[PDB]
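Shown next: protein_36.txt, containing compact mmCIF, C-alpha atoms and all ligand atoms.
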# COMPACT_ATOMS: atom_id res chain seq x y z
CA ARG A 17 109.72 235.81 16.43
CA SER A 18 112.97 237.26 15.06
CA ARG A 19 111.31 240.28 13.44
CA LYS A 20 113.37 243.04 15.05
CA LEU A 21 116.28 241.59 13.07
CA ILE A 22 114.29 242.12 9.87
CA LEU A 23 113.49 245.69 10.90
CA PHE A 24 117.20 246.27 11.56
CA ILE A 25 118.13 244.80 8.17
CA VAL A 26 115.68 247.04 6.30
CA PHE A 27 116.75 250.12 8.28
CA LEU A 28 120.43 249.46 7.53
CA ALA A 29 119.74 248.84 3.84
CA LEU A 30 117.82 252.09 3.42
CA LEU A 31 120.40 254.10 5.38
CA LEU A 32 123.34 252.71 3.39
CA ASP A 33 121.55 253.24 0.07
CA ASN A 34 120.78 256.88 0.86
CA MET A 35 124.33 257.43 2.15
CA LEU A 36 125.77 256.11 -1.11
CA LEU A 37 123.30 258.26 -3.05
CA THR A 38 124.25 261.48 -1.28
CA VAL A 39 128.02 261.03 -0.77
CA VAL A 40 128.58 261.56 -4.51
CA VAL A 41 127.31 265.15 -4.47
CA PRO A 42 130.30 267.13 -3.08
CA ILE A 43 133.01 265.03 -4.72
CA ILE A 44 132.11 263.97 -8.29
CA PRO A 45 131.39 267.42 -9.85
CA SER A 46 134.56 268.90 -8.34
CA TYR A 47 136.60 265.91 -9.53
CA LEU A 48 135.29 266.22 -13.09
CA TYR A 49 135.92 269.97 -12.99
CA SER A 50 139.52 269.38 -11.86
CA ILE A 51 140.08 266.80 -14.60
CA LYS A 52 138.67 268.89 -17.44
CA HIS A 53 139.92 272.36 -16.54
CA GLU A 54 143.34 271.39 -15.15
CA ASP A 121 132.54 279.61 -20.50
CA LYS A 122 131.53 276.63 -22.64
CA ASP A 123 133.74 274.56 -20.34
CA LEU A 124 132.09 273.72 -16.99
CA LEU A 125 128.88 274.41 -18.89
CA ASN A 126 129.19 271.19 -20.86
CA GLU A 127 130.23 269.77 -17.49
CA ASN A 128 126.98 270.97 -15.90
CA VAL A 129 124.93 269.52 -18.77
CA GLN A 130 126.76 266.18 -18.45
CA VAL A 131 126.64 265.87 -14.66
CA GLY A 132 122.91 266.53 -14.94
CA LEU A 133 122.53 263.36 -16.99
CA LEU A 134 124.95 261.50 -14.72
CA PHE A 135 122.79 262.37 -11.71
CA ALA A 136 119.51 261.57 -13.49
CA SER A 137 120.74 258.15 -14.65
CA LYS A 138 120.06 256.46 -11.31
CA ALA A 139 116.47 257.72 -11.12
CA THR A 140 115.78 256.75 -14.74
CA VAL A 141 117.12 253.22 -14.23
CA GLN A 142 115.14 252.86 -11.00
CA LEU A 143 111.94 253.97 -12.74
CA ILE A 144 112.48 251.48 -15.56
CA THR A 145 113.43 248.53 -13.35
CA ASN A 146 110.86 249.09 -10.57
CA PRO A 147 108.00 247.00 -12.07
CA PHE A 148 110.14 243.91 -12.68
CA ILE A 149 111.38 243.46 -9.11
CA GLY A 150 107.85 243.14 -7.74
CA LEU A 151 107.05 240.33 -10.16
CA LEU A 152 110.38 238.65 -9.40
CA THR A 153 109.83 238.71 -5.64
CA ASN A 154 106.27 237.50 -6.15
CA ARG A 155 107.55 234.45 -8.04
CA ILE A 156 110.69 233.69 -6.02
CA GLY A 157 110.37 235.32 -2.60
CA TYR A 158 111.92 238.30 -0.82
CA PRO A 159 115.33 237.01 0.42
CA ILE A 160 116.98 236.58 -2.99
CA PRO A 161 116.21 240.17 -4.13
CA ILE A 162 117.12 241.46 -0.67
CA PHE A 163 120.58 239.87 -0.88
CA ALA A 164 121.04 240.80 -4.54
CA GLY A 165 120.52 244.42 -3.51
CA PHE A 166 123.55 244.32 -1.23
CA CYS A 167 125.62 242.48 -3.83
CA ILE A 168 124.87 245.07 -6.53
CA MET A 169 125.46 247.95 -4.10
CA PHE A 170 128.89 246.50 -3.27
CA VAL A 171 129.77 246.22 -6.96
CA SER A 172 128.64 249.79 -7.63
CA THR A 173 130.60 251.13 -4.65
CA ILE A 174 133.84 249.43 -5.71
CA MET A 175 133.38 250.72 -9.30
CA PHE A 176 133.03 254.38 -8.11
CA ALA A 177 136.16 254.08 -5.92
CA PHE A 178 138.35 252.62 -8.64
CA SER A 179 137.07 254.47 -11.75
CA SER A 180 138.33 257.75 -13.22
CA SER A 181 136.50 258.06 -16.56
CA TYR A 182 132.98 259.41 -17.05
CA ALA A 183 131.47 256.26 -18.57
CA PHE A 184 132.39 254.03 -15.64
CA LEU A 185 130.86 256.54 -13.23
CA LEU A 186 127.68 256.38 -15.33
CA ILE A 187 127.70 252.57 -15.18
CA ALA A 188 128.22 252.61 -11.40
CA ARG A 189 125.30 255.00 -10.95
CA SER A 190 123.12 252.83 -13.19
CA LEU A 191 123.93 249.71 -11.16
CA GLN A 192 123.19 251.61 -7.95
CA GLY A 193 119.79 252.34 -9.47
CA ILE A 194 118.90 248.65 -9.75
CA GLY A 195 120.29 247.95 -6.29
CA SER A 196 118.28 250.75 -4.71
CA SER A 197 115.06 249.72 -6.43
CA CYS A 198 115.45 246.05 -5.51
CA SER A 199 116.18 246.86 -1.87
CA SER A 200 113.39 249.45 -1.54
CA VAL A 201 110.81 247.02 -2.92
CA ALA A 202 111.84 243.76 -1.27
CA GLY A 203 112.72 245.11 2.18
CA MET A 204 109.42 246.97 2.43
CA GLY A 205 107.55 243.87 1.29
CA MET A 206 109.22 241.71 3.94
CA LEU A 207 108.69 244.30 6.68
CA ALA A 208 105.01 244.65 5.81
CA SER A 209 104.51 240.88 5.65
CA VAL A 210 106.24 240.07 8.93
CA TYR A 211 104.15 242.38 11.12
CA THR A 212 100.71 241.32 12.37
CA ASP A 213 98.98 244.47 13.69
CA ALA A 214 98.01 247.27 11.32
CA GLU A 215 98.39 249.89 14.05
CA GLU A 216 101.77 248.41 14.97
CA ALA A 217 102.53 248.52 11.25
CA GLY A 218 102.03 252.28 11.39
CA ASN A 219 104.97 252.91 13.72
CA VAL A 220 107.40 250.53 12.02
CA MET A 221 107.10 252.30 8.66
CA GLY A 222 108.06 255.58 10.31
CA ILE A 223 111.23 253.97 11.67
CA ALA A 224 112.05 252.58 8.22
CA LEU A 225 111.68 256.00 6.57
CA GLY A 226 113.60 257.48 9.49
CA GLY A 227 116.66 255.61 8.28
CA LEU A 228 116.27 257.20 4.85
CA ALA A 229 116.25 260.71 6.32
CA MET A 230 119.17 259.96 8.65
CA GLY A 231 121.23 258.45 5.84
CA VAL A 232 121.03 261.61 3.74
CA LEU A 233 122.08 263.62 6.82
CA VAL A 234 125.59 262.34 7.56
CA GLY A 235 126.25 261.77 3.86
CA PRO A 236 127.46 265.10 2.46
CA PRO A 237 129.63 266.08 5.46
CA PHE A 238 131.26 262.65 5.83
CA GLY A 239 132.02 262.40 2.11
CA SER A 240 133.28 265.95 1.61
CA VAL A 241 135.59 266.31 4.62
CA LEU A 242 137.08 262.84 4.15
CA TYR A 243 137.68 263.41 0.44
CA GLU A 244 139.45 266.76 0.84
CA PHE A 245 141.90 265.53 3.50
CA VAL A 246 142.69 261.95 2.35
CA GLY A 247 141.62 261.38 -1.24
CA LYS A 248 138.96 260.18 -3.65
CA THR A 249 139.03 256.57 -2.40
CA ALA A 250 138.62 256.64 1.40
CA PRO A 251 134.85 257.35 1.71
CA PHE A 252 133.93 254.84 -0.99
CA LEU A 253 136.12 252.21 0.68
CA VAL A 254 134.37 252.90 4.00
CA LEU A 255 130.98 252.49 2.30
CA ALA A 256 132.21 249.23 0.75
CA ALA A 257 133.27 247.92 4.17
CA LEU A 258 129.94 248.84 5.77
CA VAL A 259 127.93 247.30 2.92
CA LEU A 260 130.00 244.12 3.09
CA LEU A 261 129.44 243.85 6.84
CA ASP A 262 125.69 244.33 6.42
CA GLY A 263 125.58 241.72 3.66
CA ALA A 264 127.50 239.26 5.82
CA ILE A 265 124.96 239.80 8.60
CA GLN A 266 122.09 239.29 6.15
CA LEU A 267 123.52 236.09 4.68
CA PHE A 268 124.70 234.54 7.97
CA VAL A 269 122.54 235.50 10.95
CA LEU A 270 119.22 234.53 9.35
CA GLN A 271 118.47 231.96 6.68
CA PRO A 272 115.61 230.07 8.42
CA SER A 273 112.89 230.20 5.76
CA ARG A 274 112.02 231.91 2.49
CA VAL A 275 109.04 234.23 2.98
CA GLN A 276 106.72 234.85 -0.01
CA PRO A 277 104.72 238.08 -0.44
CA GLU A 278 101.03 238.15 0.40
CA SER A 279 98.58 237.22 -2.35
CA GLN A 280 96.34 240.19 -1.44
CA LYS A 281 97.08 242.38 -4.47
CA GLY A 282 95.23 245.69 -4.71
CA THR A 283 94.40 247.80 -7.72
CA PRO A 284 97.25 248.11 -10.26
CA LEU A 285 99.34 251.26 -10.09
CA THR A 286 97.97 252.39 -13.47
CA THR A 287 94.34 252.87 -12.40
CA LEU A 288 95.58 254.13 -9.03
CA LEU A 289 97.57 256.85 -10.81
CA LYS A 290 94.50 257.55 -12.97
CA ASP A 291 92.77 259.00 -9.89
CA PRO A 292 92.83 262.83 -10.11
CA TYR A 293 93.29 263.33 -6.36
CA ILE A 294 96.12 260.79 -6.24
CA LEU A 295 97.58 262.65 -9.21
CA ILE A 296 97.41 265.98 -7.36
CA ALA A 297 99.18 264.54 -4.31
CA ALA A 298 101.83 262.87 -6.49
CA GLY A 299 102.47 266.08 -8.40
CA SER A 300 102.85 268.05 -5.17
CA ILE A 301 105.38 265.55 -3.82
CA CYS A 302 107.21 265.42 -7.16
CA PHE A 303 107.63 269.20 -7.39
CA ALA A 304 108.64 269.54 -3.73
CA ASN A 305 111.38 266.94 -4.21
CA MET A 306 112.37 268.23 -7.66
CA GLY A 307 113.32 271.52 -6.03
CA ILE A 308 116.12 270.02 -3.95
CA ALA A 309 116.88 267.51 -6.73
CA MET A 310 117.76 270.44 -8.99
CA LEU A 311 119.62 272.17 -6.13
CA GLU A 312 121.83 269.15 -5.45
CA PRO A 313 124.06 268.83 -8.58
CA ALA A 314 124.49 272.56 -9.33
CA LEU A 315 125.04 274.28 -5.96
CA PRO A 316 128.65 273.01 -5.59
CA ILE A 317 129.58 274.43 -9.00
CA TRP A 318 127.93 277.79 -8.29
CA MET A 319 129.65 277.99 -4.90
CA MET A 320 133.05 277.13 -6.40
CA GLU A 321 132.71 279.65 -9.23
CA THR A 322 131.37 282.54 -7.12
CA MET A 323 132.50 282.23 -3.48
CA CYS A 324 135.77 280.37 -4.28
CA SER A 325 135.08 277.99 -1.41
CA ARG A 326 137.32 275.10 -0.37
CA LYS A 327 136.39 271.45 -0.89
CA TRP A 328 135.25 270.75 2.68
CA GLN A 329 132.42 273.32 2.69
CA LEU A 330 130.47 271.67 -0.15
CA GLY A 331 128.88 269.29 2.38
CA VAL A 332 128.46 271.81 5.17
CA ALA A 333 126.39 273.71 2.62
CA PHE A 334 123.90 270.81 2.44
CA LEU A 335 123.96 269.92 6.15
CA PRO A 336 121.31 272.47 7.32
CA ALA A 337 118.83 271.23 4.72
CA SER A 338 119.02 267.67 6.05
CA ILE A 339 118.81 268.81 9.68
CA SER A 340 115.73 270.89 8.87
CA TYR A 341 114.20 267.96 6.99
CA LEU A 342 114.56 265.79 10.10
CA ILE A 343 113.14 268.43 12.44
CA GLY A 344 110.23 269.34 10.17
CA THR A 345 109.25 265.73 9.53
CA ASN A 346 109.33 264.88 13.24
CA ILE A 347 107.32 267.91 14.40
CA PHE A 348 104.72 267.90 11.65
CA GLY A 349 104.09 264.16 11.79
CA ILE A 350 102.30 265.13 15.01
CA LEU A 351 101.13 268.67 14.17
CA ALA A 352 99.62 267.82 10.76
CA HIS A 353 96.22 266.50 11.82
CA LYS A 354 95.81 269.37 14.30
CA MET A 355 96.71 272.03 11.73
CA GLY A 356 94.81 270.34 8.89
CA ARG A 357 96.75 268.23 6.40
CA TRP A 358 95.85 270.30 3.34
CA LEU A 359 96.74 273.49 5.22
CA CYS A 360 100.11 272.04 6.21
CA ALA A 361 100.86 270.96 2.63
CA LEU A 362 99.85 274.37 1.25
CA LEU A 363 102.06 276.22 3.72
CA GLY A 364 104.94 273.84 3.00
CA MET A 365 104.74 274.42 -0.74
CA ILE A 366 104.61 278.20 -0.30
CA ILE A 367 107.56 278.16 2.12
CA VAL A 368 109.74 275.98 -0.12
CA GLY A 369 108.95 278.25 -3.06
CA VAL A 370 110.01 281.35 -1.14
CA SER A 371 113.19 279.72 0.21
CA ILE A 372 114.19 278.53 -3.26
CA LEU A 373 113.58 282.07 -4.52
CA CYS A 374 115.80 283.46 -1.75
CA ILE A 375 118.72 281.03 -2.26
CA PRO A 376 120.55 282.87 -5.12
CA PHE A 377 120.80 286.10 -3.08
CA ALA A 378 123.65 284.84 -0.88
CA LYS A 379 127.35 285.70 -1.17
CA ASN A 380 128.77 283.70 1.77
CA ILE A 381 127.85 280.40 3.40
CA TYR A 382 126.34 282.43 6.23
CA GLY A 383 123.89 283.64 3.59
CA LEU A 384 123.14 280.04 2.60
CA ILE A 385 122.45 278.88 6.17
CA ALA A 386 118.85 280.14 6.27
CA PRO A 387 117.36 279.32 2.82
CA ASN A 388 118.57 275.71 3.07
CA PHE A 389 116.89 275.56 6.49
CA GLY A 390 113.64 276.73 4.91
CA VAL A 391 113.91 274.28 2.02
CA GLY A 392 114.47 271.29 4.30
CA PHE A 393 111.70 272.30 6.71
CA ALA A 394 109.15 272.80 3.93
CA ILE A 395 110.03 269.55 2.16
CA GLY A 396 109.58 267.67 5.43
CA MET A 397 106.23 269.38 5.96
CA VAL A 398 105.01 268.46 2.47
CA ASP A 399 106.08 264.81 2.68
CA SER A 400 104.60 264.30 6.15
CA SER A 401 101.33 265.95 5.10
CA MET A 402 101.04 264.06 1.80
CA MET A 403 101.71 260.47 2.92
CA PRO A 404 98.53 259.85 4.99
CA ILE A 405 96.38 261.78 2.50
CA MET A 406 97.53 259.37 -0.22
CA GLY A 407 96.75 256.45 2.07
CA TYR A 408 93.27 257.73 2.90
CA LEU A 409 92.40 258.42 -0.74
CA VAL A 410 93.56 254.95 -1.81
CA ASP A 411 91.61 253.32 1.03
CA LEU A 412 88.42 255.23 0.20
CA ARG A 413 88.19 255.29 -3.60
CA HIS A 414 89.71 251.83 -4.19
CA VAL A 415 90.94 248.72 -2.38
CA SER A 416 94.06 249.18 -0.29
CA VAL A 417 97.25 247.31 0.54
CA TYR A 418 100.08 248.69 2.64
CA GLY A 419 102.48 248.65 -0.32
CA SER A 420 100.37 250.81 -2.64
CA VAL A 421 101.13 254.05 -0.77
CA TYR A 422 104.87 253.38 -0.83
CA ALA A 423 104.70 252.43 -4.52
CA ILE A 424 102.98 255.74 -5.31
CA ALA A 425 105.53 257.65 -3.21
CA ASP A 426 108.44 255.87 -4.90
CA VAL A 427 107.04 256.67 -8.35
CA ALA A 428 106.71 260.34 -7.38
CA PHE A 429 110.22 260.51 -5.90
CA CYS A 430 111.87 258.78 -8.88
CA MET A 431 110.05 261.14 -11.32
CA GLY A 432 111.14 264.21 -9.29
CA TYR A 433 114.75 263.03 -9.24
CA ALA A 434 114.72 262.00 -12.91
CA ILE A 435 113.24 265.22 -14.35
CA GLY A 436 115.10 267.55 -11.98
CA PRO A 437 118.84 267.36 -12.67
CA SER A 438 118.80 267.07 -16.47
CA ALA A 439 116.42 269.96 -17.14
CA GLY A 440 118.08 271.98 -14.39
CA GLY A 441 121.49 271.59 -15.98
CA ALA A 442 120.15 272.43 -19.43
CA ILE A 443 118.40 275.57 -18.17
CA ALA A 444 121.42 276.65 -16.11
CA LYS A 445 123.64 276.32 -19.17
CA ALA A 446 121.13 278.21 -21.32
CA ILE A 447 120.42 281.20 -19.06
CA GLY A 448 122.03 280.70 -15.62
CA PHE A 449 121.50 279.43 -12.09
CA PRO A 450 119.46 282.29 -10.52
CA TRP A 451 116.88 282.15 -13.31
CA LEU A 452 116.49 278.40 -12.82
CA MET A 453 115.92 278.90 -9.10
CA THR A 454 113.41 281.68 -9.77
CA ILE A 455 111.55 279.46 -12.25
CA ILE A 456 111.27 276.52 -9.86
CA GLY A 457 110.24 278.79 -6.98
CA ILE A 458 107.49 280.39 -9.05
CA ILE A 459 106.30 276.94 -10.15
CA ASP A 460 106.07 275.87 -6.50
CA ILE A 461 104.17 279.03 -5.57
CA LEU A 462 101.69 278.56 -8.43
CA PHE A 463 101.13 274.88 -7.61
CA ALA A 464 100.60 275.55 -3.89
CA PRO A 465 96.90 276.63 -4.08
CA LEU A 466 96.04 273.39 -5.93
CA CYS A 467 96.22 271.55 -2.58
CA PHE A 468 92.84 273.04 -1.61
CA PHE A 469 91.11 270.09 -3.33
CA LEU A 470 92.24 267.82 -0.45
CA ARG A 471 89.41 269.30 1.61
CA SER A 472 88.02 266.06 3.07
CA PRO A 473 85.36 266.93 5.69
CA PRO A 474 87.09 264.93 8.37
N1 LIG B 501 112.93 262.85 0.70
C1 LIG B 501 114.30 263.31 0.81
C2 LIG B 501 114.38 264.75 0.31
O1 LIG B 501 114.44 264.75 -1.09
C3 LIG B 501 115.65 265.41 0.84
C4 LIG B 501 116.88 264.98 0.39
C5 LIG B 501 118.03 265.58 0.87
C6 LIG B 501 117.95 266.59 1.81
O2 LIG B 501 119.12 267.20 2.29
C7 LIG B 501 116.71 267.02 2.25
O3 LIG B 501 116.62 268.05 3.19
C8 LIG B 501 115.56 266.43 1.77

Show me the file's structure as structure tokens.
Amino acid sequence: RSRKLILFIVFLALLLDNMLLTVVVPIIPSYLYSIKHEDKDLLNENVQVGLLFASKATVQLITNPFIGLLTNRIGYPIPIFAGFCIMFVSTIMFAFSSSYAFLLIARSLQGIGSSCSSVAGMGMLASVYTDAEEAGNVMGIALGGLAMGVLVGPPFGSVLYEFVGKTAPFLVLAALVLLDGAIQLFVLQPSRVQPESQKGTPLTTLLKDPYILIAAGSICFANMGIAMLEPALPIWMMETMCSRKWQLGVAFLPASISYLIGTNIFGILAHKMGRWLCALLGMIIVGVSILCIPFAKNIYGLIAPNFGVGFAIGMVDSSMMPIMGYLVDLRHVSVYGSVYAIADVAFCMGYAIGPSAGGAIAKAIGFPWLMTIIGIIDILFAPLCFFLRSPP
């Protein structure tokens, strides 16, 4: 029946959540720098913005188990709507807060909102569709919104902030979220759909599988690279290249564009190149690009390594999703939500361990040494993907 509306709702929710996640990057560190300064200074700022950026991932990791039980007992629509309500509250807080603590609280609330939406929307979208093969395409469209949301984020936030102020982009996000919530609450309230009773193996024993662990570690490291890049590159650019405030999003644009291109091409080229081969090459490439990043002096020197990072991360994600699915289907019993639960756990871990440790290491020894360390870790972990050597 009216299932395309549900697909649209989930797509919009994921896109808006990722947009709100990635708009913060060019604006918050510069704003805190301007407050404090107008060296131990900006170093304490790096070590504090690391925690501020890791707060959302930590809260999401903690609150993820509870939302599944809640939607099991009560049904998807209430968590789906609560996600938009909490996202609206968090967006208004960021726009009208100046202190550090209120920014931390807004990020924490965004964590719960993101987790609730990511769980309940995926559950509804999986439940509503009838064909498993048709279910294959619709997930790709849902994740496509996530990749597109992180694309227009940094440039829209940075250019709008530098010309108008600190409030315009957050107000725009508030308006869009309110419109989406109005659509959700008005256009459809026909029935309250409950999740399927087919529950697979618990995530604990699933994570206890060594092959699942290898795939999860690969994904976690590949995402932790860019997760550590995100909250420190603006500060390094401002301190070294004395760049204006509108270029801090143009710096991150090529990475997102390359992520889109790499995901799209290798979602078709993976099974012809061999999935383990594609993942191995992706890990090696992202390691080398991360190694090459600190050698730039101008943005023109940052154009290429960001391209490589985005391309390789797309390769790794596209190669590692179906391998996770196949391993879960073979060694255990499988439901469509188990793969996304594993992927969400890996992503939240990569974004929770990245920024804090990255800030601490950058304060201790510097930015280039941190990038060298993470690149070498990626290079060393790359050959471990050989154990995904399934004969088909
Ligand atoms: N899965 C998303 C991935 O971490 C990511 C995030 C932001 C980006 O600009 C990107 O290229 C990739």

For ligand LIG 501 (chain B), which of A:320, A:156, A:314, A:228 is the closest residue, counting all atoms listed in the file? A:228

May I have the protein, DNA and RNA residues with an atom at most 12 Å from (86.1, 271.3, 4.1), counting only C-alpha atoms in the file's coordinates, returned as a ChimeraX atom specification? /A:356-359,468-474

Between atom CA of residue 251 of chain A and atom CA of residue 194 of chain A - distance in Å to one decimal: 21.5 Å

At a cut-off of 10 Å, using all atoms listed in the file, what residues contact residue 409 of chain A? Leave out same-chain residues fewer than 5 positions from it and give the result as a list in words.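 Non-adjacent residues within range: residues 288, 291, 293, 294, 297, 404, 414, 415, 416, 421, 470 and 472 of chain A.
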
When you look at residue 334 of chain A with a cut-off of 10 Å (counting all atoms listed in the file), what residues show up, excluding the ones that are within fewer than 6 positions of it in the same chain? I need them as a list in words.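 Answer for this query is residues 41, 42, 232, 233, 235, 236, 237, 311, 312, 315, 316, 384, 385, 388, 389 and 392 of chain A.
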
Using all atoms listed in the file, determine which residues fall within 8 Å of ligand LIG 501 (chain B), then list them as a list in words.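 Using all atoms listed in the file, I find these residues within 8 Å of ligand LIG 501 (chain B): residues 38, 228, 229, 232, 233, 304, 305, 306, 308, 309, 334, 335, 336, 337, 338, 339, 340, 341, 342, 388, 391, 392, 393, 395, 396, 399 and 429 of chain A.
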
Just checking: using all atoms listed in the file, which residue out of A:211, A:348, A:135, A:49 ends up closest to residue 37 of chain A?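 With all atoms listed in the file as the atom set, the closest residue is A:135.
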
Reconstruct N, CA, C and O atoms of segment 231-242 of chain A from the incomplete input and present them as a short mmCIF file (atom, residue, chain, number, x, y, z; two decimals), keeping the file's coordinate frame.
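Output below, filename part-v2.cif:
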data_model
loop_
_atom_site.label_atom_id
_atom_site.label_comp_id
_atom_site.auth_asym_id
_atom_site.auth_seq_id
_atom_site.Cartn_x
_atom_site.Cartn_y
_atom_site.Cartn_z
N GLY A 231 120.14 258.78 6.75
CA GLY A 231 121.23 258.45 5.84
C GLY A 231 121.67 259.62 4.98
O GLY A 231 122.86 259.80 4.73
N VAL A 232 120.71 260.43 4.53
CA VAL A 232 121.03 261.61 3.74
C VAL A 232 121.57 262.75 4.59
O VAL A 232 121.99 263.77 4.05
N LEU A 233 121.58 262.59 5.92
CA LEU A 233 122.08 263.62 6.82
C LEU A 233 123.60 263.58 6.95
O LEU A 233 124.27 264.59 6.72
N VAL A 234 124.16 262.42 7.33
CA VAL A 234 125.59 262.34 7.56
C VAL A 234 126.35 262.17 6.25
O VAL A 234 127.58 262.18 6.22
N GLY A 235 125.63 262.03 5.14
CA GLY A 235 126.25 261.77 3.86
C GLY A 235 127.19 262.86 3.38
O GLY A 235 128.40 262.66 3.28
N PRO A 236 126.64 264.02 3.04
CA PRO A 236 127.46 265.10 2.46
C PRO A 236 128.64 265.50 3.34
O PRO A 236 129.75 265.65 2.83
N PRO A 237 128.46 265.67 4.66
CA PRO A 237 129.63 266.08 5.46
C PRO A 237 130.69 265.00 5.57
O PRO A 237 131.89 265.30 5.52
N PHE A 238 130.28 263.74 5.72
CA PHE A 238 131.26 262.65 5.83
C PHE A 238 132.03 262.49 4.53
O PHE A 238 133.25 262.30 4.54
N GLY A 239 131.34 262.57 3.39
CA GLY A 239 132.02 262.40 2.11
C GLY A 239 132.95 263.55 1.78
O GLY A 239 134.06 263.34 1.29
N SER A 240 132.51 264.78 2.04
CA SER A 240 133.28 265.95 1.61
C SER A 240 134.54 266.14 2.43
O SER A 240 135.63 266.35 1.88
N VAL A 241 134.43 266.07 3.76
CA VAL A 241 135.59 266.31 4.62
C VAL A 241 136.62 265.19 4.45
O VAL A 241 137.83 265.45 4.45
N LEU A 242 136.16 263.95 4.33
CA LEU A 242 137.08 262.84 4.15
C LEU A 242 137.78 262.90 2.81
O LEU A 242 138.96 262.54 2.70
#
